[PDB]
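Trainee: model the following, please.
(5 chains)
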Amino acid sequence: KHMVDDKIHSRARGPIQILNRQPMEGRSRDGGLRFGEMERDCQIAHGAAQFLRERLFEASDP
Amino acid sequence: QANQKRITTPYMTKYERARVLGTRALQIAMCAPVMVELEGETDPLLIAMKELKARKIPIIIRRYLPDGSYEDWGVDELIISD
Amino acid sequence: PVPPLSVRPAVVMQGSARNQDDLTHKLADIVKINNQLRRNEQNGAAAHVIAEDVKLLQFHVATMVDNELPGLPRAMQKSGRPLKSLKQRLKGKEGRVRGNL
Amino acid sequence: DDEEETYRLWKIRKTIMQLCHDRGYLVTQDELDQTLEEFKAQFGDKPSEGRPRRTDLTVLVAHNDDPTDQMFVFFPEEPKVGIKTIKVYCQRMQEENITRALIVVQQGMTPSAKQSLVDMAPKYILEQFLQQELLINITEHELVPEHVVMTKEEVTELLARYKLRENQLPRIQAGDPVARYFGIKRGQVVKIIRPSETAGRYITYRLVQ
RNA sequence: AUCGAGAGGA
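Mentor: Numbers count the residues shown, from 1 in each chain, chains lettered A, B, ... in the order given. The protein structure is shown below:
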């Protein structure tokens, strides 16, 4: 039952939550992906400070 | 700190190179004068790479030592590793 | 300290049911019991009655701050579900810090 | 019952001589490596009967820099050291003009003696050592690198060069076994030179807190 | 839309 047509999802400035102005959840609600603690961890190891700021502040909830 | 002596390495770091290229690319994309002869280039990333290879980047790196002092290095004064 | 409406937003239903936040419900409980305590202490009340009122106000404020107190029961909504305290909002994963910062 | 006791006493004496030598004190070569036969001929063979009595194993050792600065080595008779023994030792150092001493307890220290040791530190300083930690020389273990005390001039030079405060440095507790062996104080810094598999040799600096 | 639960994929 795993048809790719039900797994593809992309987000570009869609709806945001009400408690926090962060992107919604679930492709059904046009929500973005979660840049979690391990992702920030790997970006820290990279040293991409500007990319980390863009992901966690600029592209999430300015 | 006297400019006659400096303790930091004379080689540009990868992080310094990445940030200098990004900042100069943004400046170029915001209509800044170019320090190289653009043959046919029209994209800020390769324009900044050409400027870096020409050692004509108008950016000064302020290397902050842990003690609280800083040493200012020009991009043209640093060896480019890559 | 009363949080603003942003911290405790009034959600909008698919129709017109303006459900209040659990923090708003706890705040309303605190205001009503505080008014009752004020009127009781201004009028004549028994020492044990005043002590019980103080205990209830203690419970309400302490459950607003943290609703996982040992021994004491959790504060229940008028539906059958435990409330969410300000400590629970930022305690662990899915909490404020680890889940939005 | 007796051979074990005399072997223990000889080993403690050897360990204390090595500790004094590592602390920068006048330790002769023969007293540095004294064999069982020499120890027997010098002190005795039957510690149970009184030869050697623990009172006779006292050591007077002087610093390399100044004979006017020297420390006493004490082996108390009683198993548990009391405030009375501490007081008589303090009186002995008063009359002999001695500012440093070592107390080699058999079992442990009385709490009042420990408190007196803590409070009386400035004028007369003296340290307490269980007998068990003295049966082996800790600095000779393979896990224990070489520790060397830094003078004040060297500490100032290091700080000046690294442009950092004493705080920034890694720490070693005053109650650390090696710190107790070297008899250092809070505020002093040690130099740890250890072999490395990535650079060959590495030097790290530890400040006592 | 919120909470909770269940079933699942890597």
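Trainee: how far is the host helix or strand of residue B:18 from where the chain is centred?
Mentor: Mapping residue B:18 onto the secondary structure by DSSP states H and E places it in helix B:14-29. Using C-alpha atoms, centre = their mean, to the nearest Å, we find the averaged C-alpha position of helix B:14-29 to lie 7 Å away from the chain's own average C-alpha position.
Trainee: buried set for it?
Mentor: Judged by neighbour count (16 or more other C-beta atoms under 10 Å in any protein chain shown), helix B:14-29 contains these buried residues: B:16, B:17, B:19, B:20, B:21, B:24, B:25, B:27, B:28. C-beta: built from backbone N, CA, C; applies to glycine.
Trainee: can I get the residues you listed in JSON lines including distance to residue D:159?
Mentor: As requested, the buried residues of helix B:14-29 are arranged in JSON lines below (distance: C-beta to C-beta, whole Å):
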{"residue": "B:16", "distance to residue D:159": "29"}
{"residue": "B:17", "distance to residue D:159": "34"}
{"residue": "B:19", "distance to residue D:159": "32"}
{"residue": "B:20", "distance to residue D:159": "34"}
{"residue": "B:21", "distance to residue D:159": "38"}
{"residue": "B:24", "distance to residue D:159": "39"}
{"residue": "B:25", "distance to residue D:159": "43"}
{"residue": "B:27", "distance to residue D:159": "42"}
{"residue": "B:28", "distance to residue D:159": "45"}
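Trainee: quick one: the residue in chain D positioned nearest to chain B from RNA strand E, how far?
Mentor: For chain D, the residue closest to chain B is residue D:163, as judged by C-beta to the nearest C-beta, at 3.7 Å. As judged by C-beta to the nearest atom of the strand, to the nearest Å, residue D:163 and RNA strand E stand 48 Å apart.
Trainee: return the residues in contact with that residue.
Mentor: B:65, B:66, B:67, B:69 (C-beta atoms under 8 Å, 6 or more residues apart in numbering or on different chains).
Trainee: again, but for residue A:18
Mentor: Residues in contact with residue A:18 (C-beta under 8 Å, 6+ apart) are C:9, C:11.
Trainee: just the helices in the chain please.
Mentor: Assuming you mean chain A. Secondary structure of chain A by DSSP state H: the helices cover A:37-46, A:49-53.
Trainee: please refer instead to chain D.
Mentor: Using DSSP H, helices in chain D cover D:3-22, D:29-32, D:36-42, D:83-96, D:111-119, D:131-134, D:152-162, D:177-182.
Trainee: make JSON lines from those and add mean neighbour count and distance to residue B:9 to it.
Mentor: Shown next, in JSON lines, are those (neighbours: other C-beta atoms under 10 Å in any protein chain shown; distance: least, C-beta to C-beta, whole Å):
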{"stretch": "helix D:3-22", "mean neighbour count": "18", "distance to residue B:9": "39"}
{"stretch": "helix D:29-32", "mean neighbour count": "12", "distance to residue B:9": "48"}
{"stretch": "helix D:36-42", "mean neighbour count": "13", "distance to residue B:9": "59"}
{"stretch": "helix D:83-96", "mean neighbour count": "14", "distance to residue B:9": "56"}
{"stretch": "helix D:111-119", "mean neighbour count": "13", "distance to residue B:9": "49"}
{"stretch": "helix D:131-134", "mean neighbour count": "16", "distance to residue B:9": "46"}
{"stretch": "helix D:152-162", "mean neighbour count": "12", "distance to residue B:9": "17"}
{"stretch": "helix D:177-182", "mean neighbour count": "18", "distance to residue B:9": "35"}
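Trainee: tell me which of these sits nearest to residue B:37.
Mentor: Evaluated over those, closeness to residue B:37 peaks at helix D:152-162, with 46.7 Å, by C-beta to C-beta.
Trainee: which other residues reach the closest one?
Mentor: Counting by C-beta under 8 Å, 6+ apart, residues outside helix D:152-162 touching it are D:150, D:165, D:166, D:168, D:188, D:189, D:191, D:205.
Trainee: before I go, just wanted to say thanks for your time.
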